[PDB]
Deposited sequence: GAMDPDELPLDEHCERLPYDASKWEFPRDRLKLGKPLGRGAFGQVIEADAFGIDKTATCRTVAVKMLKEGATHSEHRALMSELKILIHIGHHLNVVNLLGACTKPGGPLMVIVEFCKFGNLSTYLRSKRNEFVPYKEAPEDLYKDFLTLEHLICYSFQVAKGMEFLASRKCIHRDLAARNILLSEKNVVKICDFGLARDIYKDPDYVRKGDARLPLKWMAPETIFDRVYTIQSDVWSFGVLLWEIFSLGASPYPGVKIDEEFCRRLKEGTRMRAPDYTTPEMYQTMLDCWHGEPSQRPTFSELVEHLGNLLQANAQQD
């Protein structure tokens, strides 16, 4: 994957650099130990003379030169990856000396999908209630994330933290993959469990990642299976009531899997099980998931 050697990638300022004085910073959207994302109004960032709400990632008190380097590498990878409907897209950056490094991307009106789905439990019907979610919505979100991941894989990039908290919902039921990264407080966040000298999203991780620290596109497929469970539980937390310890990891390696969530179809639950194959090479590819979910979306209609 090209996303592990980011320091050699180009930053073309003539294309991406956006003047600080055209960016009006607003309220924080998320804050971690070293990073934060701020809502902003950017004047003319993507369309001449047009104000646009954007999301700006930058560092905060506690960050060091190390995090500054990391954020520059993030900027470089976003440029390399390029645009897709189902990934949050880069709009510009402020990199000039005298102010903080700022990475400016599309703002997504409804925010993270897990929180959103959990807000709609009382506003769901399998089939049609104007603003209700339906099975069609849930399969559609699943299909979109698969399309985004197929795209990322095509760019030789791996996500490493795929989960509903890293999927954002925009207008018109469009969902976008993101990575909040440093803007998430992984100490306070119960989704990230202490494992040695790191805080890791253990409930989303493939066995080979947990045990061998191996990250590949096919470990992303495992995480995609967990995301499917999150979608079809309407934003529930994975492995309900289970202590995430050494016994959890062993049983997982042994072949223990989550039961079907409340809103799933049989085919969608089988798709989760397929993503959770013990053998990485035997999991579906994102291209295959795109095909399959597209078929399920049609079967739903």
Inset, instruction - Would you flag the ranges of the deposited sequence that the structure leaves without C-alpha positions? - result: 1 to 8, 137 to 142, 316 to 318
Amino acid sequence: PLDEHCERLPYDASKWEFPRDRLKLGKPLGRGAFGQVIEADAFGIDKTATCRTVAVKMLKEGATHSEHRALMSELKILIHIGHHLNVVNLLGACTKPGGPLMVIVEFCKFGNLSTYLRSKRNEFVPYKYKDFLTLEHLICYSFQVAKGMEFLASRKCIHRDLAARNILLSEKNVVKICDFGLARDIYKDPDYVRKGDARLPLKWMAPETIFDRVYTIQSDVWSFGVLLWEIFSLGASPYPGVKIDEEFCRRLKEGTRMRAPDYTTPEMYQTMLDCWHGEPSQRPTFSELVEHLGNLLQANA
From here on, numbers count along this sequence of modelled residues.
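What we label the rigid core is the largest C-alpha set whose atoms superpose within 1.5 Å from one form to the other.
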Inset, instruction - Just give me the stretch that moves more in 6 other deposited structures of this protein: 262 to 270 or 241 to 249, judged by RMS C-alpha distance after a core fit. - result: 241 to 249
Inset, instruction - Between 90 to 98 and 112 to 120, report the one with more C-alpha displacement in 6 other deposited structures of this protein relative to this form after a rigid core superposition. - result: 90 to 98
Inset, instruction - Give yes or no for this: do at least a third of the other compared entries, each modelling residues before and after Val193, lack coordinates for it? - result: yes
Inset, instruction - Determine if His159 is unmodelled in a third or more of the other PDB entries compared for this protein. - result: no
Legend entry - Of 225 to 233 and 205 to 213, the stretch whose C-alpha atoms average the higher B-factor in the entry: 205 to 213
Legend entry - 30 to 38 versus 243 to 251 - which carries the larger mean C-alpha B factor in the record: 243 to 251
Legend entry - Selection by C-alpha B-factor (highest) of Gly181, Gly111, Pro100, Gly196: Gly196
Legend entry - C-alpha B-factor winner, where the candidates are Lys147, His159, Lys188, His137: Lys188
Inset, instruction - Using the B-factor values recorded in the entry, state whether the Cα atom of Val290 falls in the lowest, middle or highest third among the modelled residues of its chain. - result: lowest
Inset, instruction - Compare the C-alpha B factor of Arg155 with those of the other modelled residues in its chain, then answer lowest, middle or highest third. - result: highest
Legend entry - Third of the chain, ranked by Cα B-factor, where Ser119 sits: highest
Inset, instruction - Please rank the C-alpha B-factors of the chain's modelled residues and tell me whether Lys57 sits in the lowest, middle or highest third. - result: lowest
Inset, instruction - Compare the C-alpha B factor of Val105 with those of the other modelled residues in its chain, then answer lowest, middle or highest third. - result: lowest
